[PDB]
Each structure stands twice: as C-alpha cells, then as structure tokens.
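*Asks:* First the structure, then my questions, so here it is.
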Amino acid sequence: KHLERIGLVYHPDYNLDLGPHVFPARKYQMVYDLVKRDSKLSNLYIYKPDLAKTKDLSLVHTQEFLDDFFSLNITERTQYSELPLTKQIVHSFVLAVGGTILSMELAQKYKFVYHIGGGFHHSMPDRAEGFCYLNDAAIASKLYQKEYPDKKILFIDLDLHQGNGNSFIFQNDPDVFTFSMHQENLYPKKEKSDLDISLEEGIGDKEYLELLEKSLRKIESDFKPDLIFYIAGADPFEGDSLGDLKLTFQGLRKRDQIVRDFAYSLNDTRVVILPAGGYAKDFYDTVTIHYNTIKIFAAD
Ligand SMILES: CCCCCC/C=C/CCCC(=O)O
Ligand SMILES: [K+]
Ligand SMILES: [Zn+2]
C-alpha cells in the first residue's frame with residue numbers, strides 16, 4: 001500500500017549528436033522536455049543516476065569486452081556496434097546502465113518506473129551490436145536476482161527488433177522469461193527467446209494487439225513475474241524509417257495500455273519501462289510516441 005504509481009529516471013548526458021547516424025540520440029531530452037511542459041506529468045518525480053560501477057557491468061560482460069569498450073579499442077568485440085566508439089558514447093552508456101539499475105531499485109516504491117534512456121536489448125556479454133555497447137536491463141536483472149533470489153523477471157520486448165542480447169544472456173535461466181514480438185526479416189540474428197512472435201511487414205493495430213493479448217496469456221500460463229522490463233520501442237510505428245510494421249499512434253498507445261493493465265492484474269508485479277529504438281521519418285513522432293507511453297502508465 002506504500003506504492004506510488006509512477007516515477008521517471010533521466011540524465012541529460014544521455015543525449016548525443018550522432019550527426020548523420022540513423023539513431024535519434026537526442027530523443028531523450030525532448031521526451032523529458034515534453035514531460036516538463038505538461039502540467040499533469042511535470043508533477044512526477046525524476047531521479048538522476050550516477051555512472052554504473054564496473055563491477056556491476058561485469059555481472060554480464062566479459063573483462064576482455066570491457067577492456068576494449070573503455071579503451072575505445074576497435075576489435076571484434078566492438079566493431080559490430082554500428083556506432084562510433086568515443087569517450088562521449090562510453091559516458092552515455094555507462095550513465096544509462098546506472099539509470100536502468102536505478103529504475104529497478106525504484107520499483108521497490110513505484111508500480112511503474114519509466115526510464116527516459118536505455119533498453120539496450122542487442123548488447124551481448126562479449127560483443128557490442130545493434131547500436132548497443134552494454135546491456136542495461138540484463139545488468140539490472142542480475143542485481144535484482146542477487147537481492148531477491150526467489151523472484152522472477154519477465155522481459156516484454158515490443159521494440160521492432162528482437163531482444164537477442166537478452167534472449168541469449170537468459171537462455172539457461174529459469175527465473176527469467178524473454179518475450180519478443182518483432183519484425184522477422186530485420187536485424188538481428190535471431191536467438192531463441194522463451195516466446196518469439198515473428199511479425200510480417202505491414203501488420204496493423206488489430207492483428208498486432210490480438211497477438212500481444214494472446215501472448216501475454218501464454219506467458220502467464222508458464223511464468224508469474226515479480227519484475228517486468230517492458231521494452232517499449234517506438235520503431236513498430238507506421239512512419240518508421242527502419243521498420244515496415246504499420247502501428248498507428250493509437251495502436252502504440254493501446255499496446256502500452258495492454259502491458260500496463262497486465263501488470264495491474266498482477267498485484268506483486270512492478271514494471272521498468274525502457275524506450276529502446278524508434279526511427280520515425282519525423283524525429284518528433286519518435287519523441288511523441290515515448291511521451292505517450294509515459295502518459296499511458298501515468299493515467300488514472
Ligand atoms: C545515446 C547514444 C547511444 C545510442 C543509443 C542506442 C540505443 C539502442 C537501442 C535499441 C535499438 C533498437 O532496437 O532499435
Ligand atoms: K521485440
Ligand atoms: Zn528497435
């Protein structure tokens with residue numbers, strides 16, 4: 001009964017100008033600004049992380065990989081990232097891992113924590129890929145598991161792309177369940193999640209949401225989570241420049257509402273919400289979709 005509805009995590013140093021790169025790495029500050037500009041949401045508490053500890057990074061990542069990451073070294077461990085490797089990028093990723101860990105800690109007092117940052121679901125123990133250098137949700141999961149050895153974690157991954165890093169890290173862990181709905185013909189090389197729904201180009205709201213509702217029933221038939229990481233990507237949007245799925249703004253809202261309501265129906269459960277991707281042709285649509293997720297989870 002102590003639980004408050006929703007808190008936010010953010011750090012302004014997440015934001016980077018990546019120049020011509022496809023990834024809108026300044027989305028975070030504008031999602032944050034839309035929150036600040038809203039008279040309802042501007043009343044939520046915002047928490048700021050410190051840099052994640054290297055010892056915590058090591059719960060998921062190999063020392064060889066961390067050596068290459070921190071030294072800005074170009075090797076097989078870093079060269080598949082599809083991103084530059086600069087001190088600013090290192091700094092932004094280590095802060096964001098700190099943010100996702102903080103979000104998970106905040107789930108002790110909030111039903112929902114929306115992290116305006118993170119969702120690095122392609123990051124592997126020994127190699128970066130898919131614009132992801134460190135695995136924020138995997139690291140936070142390992143910490144949560146040390147705190148609560150009996151508790152269970154569900155990843156609901158509704159970003160356009162499979163959460164392969166998470167599927168791989170948790171493939172032999174019975175206390176973690178990975179669920180993903182993703183476009184099948186895109187990056188990445190597919191791992192075996194606990195439940196994968198392979199989507200075809202052109203899927204619309206009705207079919208997508210039907211598959212989601214069915215999938216959540218399937219999950220709960222097999223698995224009762226205490227903590228959920230909801231990877232609430234913006235990239236299934238019909239206007240996305242990378243994806244070919246055709247979810248509307250209202251479809252993405254309904255998606256978020258379905259996940260929200262699934263959590264509400266499980267009394268002990270808490271949710272950390274992570275934005276992951278989004279490549280709308282209009283940058284402002286990406287921002288708007290993430291803002292809409294916050295508004296959904298914050299709703300009366
Ligand atoms: C903040 C600067 C660094 C770029 C952050 C990249 C985050 C990638 C997230 C997942 C990609 C996707 O699933 O579409
Ligand atoms: K996904
Ligand atoms: Zn994505």
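Letters A, B, ... mark the chains of the structure tokens in the order given; residue numbers begin at 1 per chain; ligand numbers begin at 1, in order shown.
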Sorted by chain and rising residue number, list the residues of chain A at most 6 Å from ligand 2 (counting only C-alpha atoms and all ligand atoms), each with its closest atom pair and distance in Å to one decimal, as CSV.
*Replies:*
residue,atom,partner,partner_atom_place_in_ligand_line,distance
A:157,CA,ligand 2,1 (K),4.3
A:158,CA,ligand 2,1 (K),4.2
A:159,CA,ligand 2,1 (K),4.2
A:160,CA,ligand 2,1 (K),5.1
A:161,CA,ligand 2,1 (K),4.6
A:162,CA,ligand 2,1 (K),4.1
A:163,CA,ligand 2,1 (K),5.4
A:180,CA,ligand 2,1 (K),4.3
A:181,CA,ligand 2,1 (K),4.5
A:182,CA,ligand 2,1 (K),4.4
*Asks:* Do you know which residues are at most 8 Å from segment 86-90 of chain A counting only C-alpha atoms, after dropping those on the same chain fewer than 4 positions away, and could you put them as a VMD selection string?
*Replies:* chain A and resid 16 69 to 70 72 94
*Asks:* Residues as selected, N, CA, C and O atoms, written as a PDB file, in the first residue's frame, can you do that?
*Replies:*
ATOM      1  N   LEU A  16      23.313  12.668 -27.219  1.00  0.00           N
ATOM      2  CA  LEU A  16      24.450  12.872 -28.095  1.00  0.00           C
ATOM      3  C   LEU A  16      24.002  13.265 -29.487  1.00  0.00           C
ATOM      4  O   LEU A  16      22.997  12.778 -29.977  1.00  0.00           O
ATOM      5  N   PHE A  69      35.915  -1.781 -24.674  1.00  0.00           N
ATOM      6  CA  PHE A  69      34.939  -0.687 -24.581  1.00  0.00           C
ATOM      7  C   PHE A  69      35.545   0.602 -23.960  1.00  0.00           C
ATOM      8  O   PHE A  69      35.495   1.689 -24.561  1.00  0.00           O
ATOM      9  N   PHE A  70      36.092   0.484 -22.761  1.00  0.00           N
ATOM     10  CA  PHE A  70      36.637   1.621 -22.047  1.00  0.00           C
ATOM     11  C   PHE A  70      37.860   2.238 -22.701  1.00  0.00           C
ATOM     12  O   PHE A  70      38.074   3.425 -22.554  1.00  0.00           O
ATOM     13  N   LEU A  72      38.325   2.426 -25.892  1.00  0.00           N
ATOM     14  CA  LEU A  72      37.909   2.855 -27.252  1.00  0.00           C
ATOM     15  C   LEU A  72      38.593   2.021 -28.337  1.00  0.00           C
ATOM     16  O   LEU A  72      38.830   2.496 -29.447  1.00  0.00           O
ATOM     17  N   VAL A  94      27.426   4.129 -19.923  1.00  0.00           N
ATOM     18  CA  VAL A  94      27.652   3.790 -18.510  1.00  0.00           C
ATOM     19  C   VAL A  94      26.636   4.538 -17.608  1.00  0.00           C
ATOM     20  O   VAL A  94      26.109   3.942 -16.668  1.00  0.00           O
TER      21      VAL A  94
END
*Asks:* Return as a PyMOL selection string the full set of residues in segment 148-275 of chain A whose backbone-based DSSP assignment is alpha helix (DSSP H).
*Replies:* chain A and resi 164-169+205-222+249-265
*Asks:* With N, CA and C atoms retained, export the selected residues as a short mmCIF file (atom, residue, chain, number, x, y, z; two decimals), in the first residue's frame.
*Replies:*
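Saved file selection22.cif follows:
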data_model
loop_
_atom_site.label_atom_id
_atom_site.label_comp_id
_atom_site.auth_asym_id
_atom_site.auth_seq_id
_atom_site.Cartn_x
_atom_site.Cartn_y
_atom_site.Cartn_z
N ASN A 164 17.67 -9.90 -28.88
CA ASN A 164 18.62 -11.06 -28.97
C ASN A 164 19.62 -11.11 -27.81
N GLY A 165 20.10 -9.95 -27.33
CA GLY A 165 21.10 -9.95 -26.26
C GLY A 165 20.44 -10.56 -25.05
N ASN A 166 19.23 -10.12 -24.75
CA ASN A 166 18.52 -10.65 -23.56
C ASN A 166 18.14 -12.12 -23.70
N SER A 167 17.71 -12.51 -24.90
CA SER A 167 17.38 -13.93 -25.16
C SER A 167 18.60 -14.80 -24.90
N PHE A 168 19.75 -14.33 -25.40
CA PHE A 168 21.00 -15.09 -25.27
C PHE A 168 21.45 -15.17 -23.81
N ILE A 169 21.51 -14.02 -23.12
CA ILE A 169 22.03 -13.98 -21.74
C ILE A 169 21.21 -14.90 -20.83
N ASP A 205 -2.68 -2.46 -36.38
CA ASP A 205 -3.08 -2.42 -34.96
C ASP A 205 -3.85 -3.65 -34.52
N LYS A 206 -4.94 -3.96 -35.21
CA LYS A 206 -5.82 -5.04 -34.75
C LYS A 206 -5.09 -6.39 -34.56
N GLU A 207 -4.35 -6.81 -35.58
CA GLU A 207 -3.68 -8.09 -35.56
C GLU A 207 -2.56 -8.12 -34.51
N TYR A 208 -1.74 -7.07 -34.50
CA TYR A 208 -0.68 -6.90 -33.53
C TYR A 208 -1.17 -7.02 -32.09
N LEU A 209 -2.23 -6.28 -31.76
CA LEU A 209 -2.77 -6.27 -30.40
C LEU A 209 -3.41 -7.61 -30.03
N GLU A 210 -4.06 -8.25 -30.99
CA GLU A 210 -4.56 -9.61 -30.81
C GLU A 210 -3.46 -10.60 -30.43
N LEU A 211 -2.33 -10.50 -31.14
CA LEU A 211 -1.21 -11.39 -30.91
C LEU A 211 -0.58 -11.10 -29.57
N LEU A 212 -0.49 -9.81 -29.23
CA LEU A 212 0.01 -9.43 -27.91
C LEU A 212 -0.83 -10.01 -26.76
N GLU A 213 -2.14 -9.79 -26.79
CA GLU A 213 -3.04 -10.32 -25.74
C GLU A 213 -2.98 -11.84 -25.58
N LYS A 214 -2.97 -12.53 -26.71
CA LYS A 214 -2.81 -13.98 -26.72
C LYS A 214 -1.47 -14.38 -26.10
N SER A 215 -0.40 -13.65 -26.45
CA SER A 215 0.94 -13.96 -25.97
C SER A 215 1.09 -13.75 -24.47
N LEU A 216 0.46 -12.70 -23.94
CA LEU A 216 0.54 -12.45 -22.51
C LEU A 216 -0.15 -13.59 -21.71
N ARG A 217 -1.20 -14.15 -22.28
CA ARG A 217 -1.90 -15.28 -21.64
C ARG A 217 -0.99 -16.49 -21.64
N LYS A 218 -0.35 -16.74 -22.77
CA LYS A 218 0.64 -17.82 -22.90
C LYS A 218 1.78 -17.73 -21.90
N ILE A 219 2.30 -16.52 -21.73
CA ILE A 219 3.38 -16.28 -20.78
C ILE A 219 2.93 -16.62 -19.38
N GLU A 220 1.78 -16.07 -18.98
CA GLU A 220 1.36 -16.21 -17.59
C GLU A 220 0.97 -17.67 -17.30
N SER A 221 0.62 -18.41 -18.35
CA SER A 221 0.33 -19.86 -18.22
C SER A 221 1.56 -20.62 -17.73
N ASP A 222 2.75 -20.07 -18.01
CA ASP A 222 4.02 -20.73 -17.75
C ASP A 222 4.87 -20.01 -16.71
N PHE A 249 -0.24 5.72 -33.98
CA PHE A 249 -0.09 6.30 -32.62
C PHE A 249 -1.07 5.65 -31.64
N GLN A 250 -2.33 5.50 -32.04
CA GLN A 250 -3.34 4.88 -31.17
C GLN A 250 -3.05 3.41 -30.89
N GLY A 251 -2.54 2.69 -31.89
CA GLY A 251 -2.13 1.30 -31.72
C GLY A 251 -0.99 1.16 -30.72
N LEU A 252 -0.01 2.05 -30.81
CA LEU A 252 1.10 2.03 -29.85
C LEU A 252 0.62 2.35 -28.44
N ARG A 253 -0.31 3.30 -28.33
CA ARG A 253 -0.95 3.60 -27.03
C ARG A 253 -1.70 2.40 -26.45
N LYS A 254 -2.48 1.75 -27.30
CA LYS A 254 -3.23 0.55 -26.89
C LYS A 254 -2.28 -0.57 -26.48
N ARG A 255 -1.18 -0.73 -27.22
CA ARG A 255 -0.13 -1.68 -26.87
C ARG A 255 0.39 -1.45 -25.44
N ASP A 256 0.73 -0.19 -25.17
CA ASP A 256 1.26 0.22 -23.86
C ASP A 256 0.23 -0.01 -22.76
N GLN A 257 -1.03 0.32 -23.06
CA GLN A 257 -2.15 0.11 -22.15
C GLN A 257 -2.38 -1.37 -21.83
N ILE A 258 -2.29 -2.23 -22.85
CA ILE A 258 -2.37 -3.67 -22.64
C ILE A 258 -1.29 -4.17 -21.64
N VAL A 259 -0.05 -3.69 -21.79
CA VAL A 259 1.03 -4.12 -20.91
C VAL A 259 0.81 -3.57 -19.50
N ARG A 260 0.44 -2.29 -19.43
CA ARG A 260 0.10 -1.63 -18.18
C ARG A 260 -0.96 -2.43 -17.41
N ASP A 261 -2.02 -2.79 -18.10
CA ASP A 261 -3.14 -3.50 -17.48
C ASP A 261 -2.82 -4.94 -17.07
N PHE A 262 -1.97 -5.59 -17.87
CA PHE A 262 -1.41 -6.89 -17.50
C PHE A 262 -0.67 -6.79 -16.16
N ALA A 263 0.16 -5.75 -16.00
CA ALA A 263 0.88 -5.54 -14.73
C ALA A 263 -0.05 -5.28 -13.57
N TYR A 264 -1.06 -4.45 -13.81
CA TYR A 264 -2.04 -4.07 -12.78
C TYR A 264 -2.78 -5.32 -12.31
N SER A 265 -2.95 -6.28 -13.20
CA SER A 265 -3.69 -7.51 -12.90
C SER A 265 -2.85 -8.50 -12.07
#
*Asks:* What does the list of residues within 10 Å of ligand 3 look like if you count only C-alpha atoms and all ligand atoms, written as a PyMOL selection string?
*Replies:* chain A and resi 23+119-122+130-131+157-163+182-183+186-188+231-236+242-243+275-279
*Asks:* Output as JSON lines one row per residue of segment 40-81 of chain A within 12 Å of segment 5-14 of chain A: the closest atom pair and its distance in Å to one decimal place, counting only C-alpha atoms, sorted by chain and residue number ascending.
*Replies:*
{"residue": "A:41", "atom": "CA", "partner": "A:6", "partner_atom": "CA", "distance": 9.9}
{"residue": "A:42", "atom": "CA", "partner": "A:8", "partner_atom": "CA", "distance": 10.5}
{"residue": "A:43", "atom": "CA", "partner": "A:7", "partner_atom": "CA", "distance": 9.8}
{"residue": "A:44", "atom": "CA", "partner": "A:7", "partner_atom": "CA", "distance": 6.0}
{"residue": "A:45", "atom": "CA", "partner": "A:7", "partner_atom": "CA", "distance": 5.5}
{"residue": "A:46", "atom": "CA", "partner": "A:8", "partner_atom": "CA", "distance": 4.7}
{"residue": "A:47", "atom": "CA", "partner": "A:9", "partner_atom": "CA", "distance": 4.7}
{"residue": "A:48", "atom": "CA", "partner": "A:10", "partner_atom": "CA", "distance": 5.4}
{"residue": "A:49", "atom": "CA", "partner": "A:11", "partner_atom": "CA", "distance": 6.7}
{"residue": "A:50", "atom": "CA", "partner": "A:11", "partner_atom": "CA", "distance": 8.8}
{"residue": "A:51", "atom": "CA", "partner": "A:11", "partner_atom": "CA", "distance": 10.3}
*Asks:* Give me a file of those residues, with C-alpha atoms, as a PDB file, in the first residue's frame.
*Replies:*
ATOM      1  CA  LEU A  41       3.241  14.907 -15.827  1.00  0.00           C
ATOM      2  CA  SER A  42       5.572  17.727 -14.741  1.00  0.00           C
ATOM      3  CA  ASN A  43       4.439  16.692 -11.180  1.00  0.00           C
ATOM      4  CA  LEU A  44       6.111  13.248 -11.332  1.00  0.00           C
ATOM      5  CA  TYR A  45       9.405  12.759  -9.531  1.00  0.00           C
ATOM      6  CA  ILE A  46      12.538  12.469 -11.684  1.00  0.00           C
ATOM      7  CA  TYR A  47      15.591  10.555 -10.464  1.00  0.00           C
ATOM      8  CA  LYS A  48      19.119  11.031 -11.835  1.00  0.00           C
ATOM      9  CA  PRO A  49      21.614   8.140 -11.967  1.00  0.00           C
ATOM     10  CA  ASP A  50      25.346   8.032 -11.345  1.00  0.00           C
ATOM     11  CA  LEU A  51      27.706   6.020 -13.557  1.00  0.00           C
TER      12      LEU A  51
END
*Asks:* From the set A:74, A:132, A:298, A:273, which residue has the shortest atom-to-atom contact distance to ligand 1, counting only C-alpha atoms and all ligand atoms?
*Replies:* A:132
*Asks:* Contacts of residue 107 of chain A at 12 Å or less, counting only C-alpha atoms, minus same-chain residues fewer than 5 places along, as a list in words?
*Replies:*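 Listing them by chain and then by number gives residues 2, 3, 4, 5, 6, 7, 8, 9, 100, 101, 102, 112, 113, 114, 115, 140, 144, 226, 227, 228, 229, 268, 269, 270, 271, 272 and 273 of chain A.
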*Asks:* Need the shell around segment 148-153 of chain A: protein/DNA/RNA residues with any atom at most 9 Å away, counting only C-alpha atoms. Skip same-chain ones fewer than 5 positions apart. Format as a PyMOL selection string?
*Replies:* chain A and resi 141+143+174-178+223-229
*Asks:* From the set A:59, A:280, A:154, A:34, which residue has the shortest atom-to-atom contact distance to ligand 1, counting only C-alpha atoms and all ligand atoms?
*Replies:* A:280
*Asks:* With only C-alpha atoms as the basis for distance, which of A:73, A:135, A:241, A:29 is at the shortest distance from residue 17 of chain A?
*Replies:*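 With only C-alpha atoms as the atom set, the closest residue is A:29.
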*Asks:* Compile the contact shell of residue 239 of chain A as an NGL selection string: residues with an atom at most 8 Å away, counting only C-alpha atoms, same-chain residues fewer than 3 positions apart removed.
*Replies:* :A and (246 or 280-282)
*Asks:* I need the residues from that last selection saved to file as a PDB file, in the first residue's frame (with N, CA and C atoms), if you can.
*Replies:*
ATOM      1  N   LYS A 246       3.123  -1.431 -39.249  1.00  0.00           N
ATOM      2  CA  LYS A 246       2.235  -0.316 -39.503  1.00  0.00           C
ATOM      3  C   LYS A 246       1.329  -0.031 -38.296  1.00  0.00           C
ATOM      4  N   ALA A 280      11.280   7.085 -36.520  1.00  0.00           N
ATOM      5  CA  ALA A 280      10.268   7.795 -37.340  1.00  0.00           C
ATOM      6  C   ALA A 280      10.906   8.792 -38.295  1.00  0.00           C
ATOM      7  N   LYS A 281      10.346   8.874 -39.514  1.00  0.00           N
ATOM      8  CA  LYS A 281      10.819   9.821 -40.518  1.00  0.00           C
ATOM      9  C   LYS A 281      10.811  11.221 -39.956  1.00  0.00           C
ATOM     10  N   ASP A 282       9.749  11.559 -39.226  1.00  0.00           N
ATOM     11  CA  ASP A 282       9.761  12.765 -38.404  1.00  0.00           C
ATOM     12  C   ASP A 282      10.240  12.458 -36.988  1.00  0.00           C
TER      13      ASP A 282
END
*Asks:* Please indicate the distance in Å from atom CA of residue 128 of chain A to atom CA of residue 191 of chain A, rounded to one decimal place.
*Replies:*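 A separation of 15.4 Å between them.
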*Asks:* With distances taken over only C-alpha atoms and all ligand atoms, which of A:52, A:247, A:22, A:138 is nearest to ligand 1?
*Replies:*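 Using only C-alpha atoms and all ligand atoms, the shortest distance to ligand 1 belongs to A:22.
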*Asks:* Pick out the closest residue to ligand 1 from this set: A:287, A:106, A:96, A:294. Count only C-alpha atoms and all ligand atoms.
*Replies:*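 Once distances to ligand 1 are computed over only C-alpha atoms and all ligand atoms, the minimum belongs to A:96.
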